[PDB]
């Protein structure tokens, strides 16, 4: 429906969308529901996504079970990820649940492994010292759930990952966002998310 090419956040057909890049060519087409497509090249870092931006006033347990069903087409074209992405505040945390990637598999401090949604994820934690964040240059931890085998469609039990990260000493703060996301780093690719439904307490956005 509507195509954007520069940094922009908003709400489209019920879903909170955002196109972000520090630099480079980026195109994002906003489709029905949580559907969207994107292509990028000559970029620094770029993210395209649709999901829910929260108010950072509630913890995930207070929001209710969070889950996403998706179907997508994805061309890494280098280092890129097809994932569920978000942040929490107090503490400031950036998280990933990666189902697909390109020439680079996300890794970090090994913390455990988790089997859910028909797959088995590797859990890692990494620290970010004075890096860009939703609140500006800051220091924060990164949480990672990386599927051992790639896929481009399926159900991601977001809350189950959260609960497991916590049971592993990886605390979550108030929810800032949860969204099916395509991210790229100096890669040249594209993706077409034809299906993307985020439910909260089983209720679709």
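Numbering follows the first chain given and starts at 1.
In this entry, 130-138 shows the higher mean Cα temperature factor of the pair 71-79 and 130-138.
Averaged over Cα atoms, the B-factor as recorded in the entry is higher for 106-114 than for the other of 106-114 and 92-100. The entry assigns its greatest Cα B factor, within the set 34, 171, 44, 154, to 171. Comparing C-alpha B-factors across 11, 190, 194, 25 in the deposited entry, the largest value falls on 25. In the deposited entry, the Cα temperature factor of residue 158 sits in the bottom third of values across the chain's modelled residues.
In the deposited entry, the Cα temperature factor of residue 179 places it in the lowest third of its chain's modelled residues. In this PDB entry, the Cα temperature factor of residue 149 sits in the top third of its chain's modelled residues, the highest group. Ranked against the other modelled residues of its chain, the C-alpha B-factor of residue 2 as given in the entry falls in the highest third.
Among all modelled residues in this chain, the alpha-carbon of residue 53 has a temperature factor (C-alpha) in the middle third.
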